[PDB]
Amino acid sequence: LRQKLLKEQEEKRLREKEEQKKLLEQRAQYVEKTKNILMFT
Amino acid sequence: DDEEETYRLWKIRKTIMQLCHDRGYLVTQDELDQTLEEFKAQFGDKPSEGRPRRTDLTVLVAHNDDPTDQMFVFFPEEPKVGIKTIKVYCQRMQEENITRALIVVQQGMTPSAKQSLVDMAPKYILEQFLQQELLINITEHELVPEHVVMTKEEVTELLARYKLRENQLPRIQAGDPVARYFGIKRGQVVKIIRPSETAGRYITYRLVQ
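Chain order of the listed sequences is Q and E.
Its first residue numbered 852, the first sequence is counted upward by one per residue in the deposited numbering.
Its first residue numbered 2, the second sequence is counted upward by one per residue in the deposited numbering.
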């Protein structure tokens, strides 16, 4: 049970950290695009 | 009087970020709950004739499922904005491929430009809000229950389940602050989830008219 719980917690940590990093990179690319079209307005 | 205006614009931006997250547009947790100090450092603490002036702090975002429909906001410098000071914005709309946006006015909008917002509405479904209106996320209040915007395939399943027509539902007018908050046209039903003191949870359905 100890082994199973440690494996599950490490998996959930890696999954959430990866998803947050991917959303940050998508937001950063869109931040560059909106910087280009926002500075003129 | 610059600490108060900085605090006020910070709460406006925070409420707009919660607005765009609740509506469905993709915004990160960093912008979702920043403190006053990220705002002060990243815009510049001097709203009177200084760095955090309007227009080049205005947010543009993209919807979560596809980054094609995009949502501006615009914070005009004028207290009472007008037609000549929105056709600039509509020119920025037609300049882009985007459809719609917000306008968070400072004082009350002029009626002629409100009729303008009515007239190009089917082309560009844009709307306004007020500054006094937007210093509070009224969804966070305890009287306001959980509102959810239904998809049309779920509306069809709803009307098929209870075997009733689209006008027999309880309804909601398009101008009240919650339906104006999410921003929804008529012919579009809304789940309301609320706690019941008699039996647990209770869902109901208000139709926008």
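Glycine residues also receive a C-beta, built at the ideal position from the N, C-alpha and C atoms.
On a Cα-Cα basis, can you pick out the residue from 104(E), 195(E), 10(E) and 57(E) that is closest to residue 36(E)?
10(E)
Quick check: the region 176-194 of chain E against the region 131-150 of chain E, are there 3 or more CB pairs under 8 Å?
yes
Given a limit of 8 Å on CB to CB distance, which residues of the region 117-145 of chain E reach chain Q?
none
I'd like to check one pair, residue 46(E) with residue 2(E): are the Cβ atoms closer than 9 Å?
The criterion of a C-beta distance shorter than 9 Å is not satisfied by residue 2(E) and residue 46(E).
Using beta carbons (cut-off 9 Å, strictly below), is residue 878(Q) in contact with chain E?
Under the Cβ criterion of 9 Å, residue 878(Q) is counted among the residues facing chain E.
Mind listing which residues of the region 15-35 of chain E have their C-beta closer than 8 Å to chain Q's C-betas, in chain order?
27, 28, 29, 30 and 31
Measure how close the beta-carbons of residue 87(E) and residue 49(E) come, nearest whole angstrom, since I'm counting them as under 8 Å.
Actually they do not touch by this definition, with Cβ atoms about 24 Å apart.
Compare the C-beta of residue 865(Q) with all C-beta atoms of chain E and state if any pair is closer than 9 Å.
Not an interface residue.
What's the gap between the Cα of residue 64(E) and the Cα of residue 158(E)?
25 Å
Below 8 Å on the Cβ atoms is my guess for residue 194(E) versus residue 147(E); work out the distance and round it to an integer in Å.
That pair is a contact at about 4 Å.
Once DSSP output is grouped into helix, strand and coil, what is the label at residue 129(E)?
strand
Check whether the Cβ atoms of residue 74(E) and residue 105(E) sit closer than 9 Å, and answer yes or no.
Yes, the Cβ-Cβ distance between residue 74(E) and residue 105(E) is below 9 Å.
Give me the subset of the region 32-61 of chain E whose CB atoms are less than 8 Å from a CB atom of chain Q, sorted by chain position.
56, 57, 59 and 61
Around the C-beta of residue 76(E), are 16 or more other C-beta atoms found within 10 angstroms, so that it is buried, or is it exposed?
buried
Is the Cβ-Cβ distance between residue 58(E) and residue 878(Q) less than 9 Å?
Not in contact: residue 58(E) and residue 878(Q) (Cβ atoms no closer than 9 Å).
Simplified DSSP assignment, three categories, for residue 200(E):
coil
Taking beta-carbon pairs under 7 Å, can you tell me which members of the region 70-103 of chain E lie near chain Q?
The residues in question are 93 and 97.
Close-in-space but distant-in-sequence residues of the same chain around residue 17(E) (CB under 8 Å, 5 per side omitted):
60, 74, 103, 105 and 135
CA-CA distance, residue 121(E) and residue 6(E)?
33 Å
Is the Cβ of residue 875(Q) closer than 9 Å to any Cβ of chain E?
yes
Should residue 196(E) be flagged as near chain Q, meaning a C-beta pair shorter than 9 Å?
no
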